[PDB]
Amino acid sequence: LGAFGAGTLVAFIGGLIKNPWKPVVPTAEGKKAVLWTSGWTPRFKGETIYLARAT
Amino acid sequence: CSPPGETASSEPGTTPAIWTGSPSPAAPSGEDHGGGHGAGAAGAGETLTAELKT
Ligand SMILES: CCCCCCCCCCCCCCCC(=O)O[C@H](COC(=O)CCCCCCC[C@@H](C)CCCCCCCCC)COP(=O)(O)O[C@H]1[C@H](O)[C@H](O)[C@H](O)[C@@H](O)[C@@H]1O
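Residues numbered from 1 in each chain as written, not as in the entry; some residues may be left out. Chains lettered and ligands numbered in written order. Part of a larger assembly, values for the part shown. Heavy atoms only, no water. Residues with missing side-chain atoms left out of burial classes, pairs and counts.

cryo-EM is the method the PDB entry lists for this structure, together with a resolution of 3.0 Å.

So this is what it looks like as structure tokens:
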């Protein structure tokens, strides 16, 4: 019963569990985690990111 | 507690230099090209201007 409950709970919750620190967002310094990177992170070295006003 | 990194009284700074962006190596596989033409020479393309002065 303990093993079955362990397996079932883990299989129930592992779908939800995700790594926050999986490098996914590309960056000039290689793929990085989402929290480190924002829209201002240069995708490639020397990229121009204008401070565009949102009309 | 205060955050480890704060405050800088010295080193007033400098005016940022004029930004000179670089062509995208990642987004563009190669170099973006403008006018298209046969250009049976070293290469001139489909864009050629000139200003005739006095
Ligand atoms: C007693 C049980 C002993 C086992 C402990 C289990 C905890 C250790 C986990 C071991 C696996 C880690 C290495 C390999 C795996 C790995 O790297 O995955 C990580 C995440 O680990 C997972 O897989 C899922 C984690 C499992 C959920 C565990 C639930 C809590 C347990 C401890 C409580 C129930 C046990 C019974 C006790 C309570 C009894 C009741 C009184 C990160 O995911 P990520 O790289 O972002 O990819 C995402 C894919 O995982 C993701 O499933 C997928 O859905 C995507 O969303 C994807 O993005």
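Moving on, there is more to tell.
## Looking at the overall build of chain B
Formally: Each helix is a run of DSSP H or I of at least 4 residues and each strand a run of E of at least 2, with the numbering of both proceeding from the N terminus. Atoms counted for the radius of gyration: C-alpha only. Globule rule: 2.2 Å times residue count to the power 0.38.
Looking only at helices and strands, one finds zero helices and zero strands in chain B. Taking 54 residues into account, the globule formula puts the C-alpha radius of gyration at 10 Å, and chain B, at 24 Å, lies well above it. The principal-axis extents of the C-alpha atoms in chain B amount to approximately 70 × 40 × 15 Å.

## Regarding the interface of chain B and chain A
Stated formally: In this description, contact between two residues means that some pair of their heavy atoms is separated by no more than 4.5 Å. Here the nonpolar group is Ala, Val, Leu, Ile, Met, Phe, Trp, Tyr, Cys and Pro; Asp, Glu, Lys and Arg are the charged ones; every other residue, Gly included, is treated as polar.
At the interface, seven residues of chain B touch five residues of chain A. When the residues that make up the side of chain B that touches chain A are grouped by side-chain class, the tally is four nonpolar, three polar and no charged.

## Regarding the packing of aromatic side chains
Here is the rule: Pairing of aromatic rings covers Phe, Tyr and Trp, the last through its six-membered ring, and needs centres within 6.5 Å; plane angles under 30 degrees mean stacked, over 60 mean edge-to-face, and all others mean tilted.
Ring plane angle 25 degrees and centroid distance 4.9 Å describe the contact between A:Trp21 and A:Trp36, whose orientation is recorded as stacked. Taken together, the residues A:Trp21 in the segment after α1 (2-13) and A:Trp36 in the segment after α1 connect sequence positions 15 residues apart.

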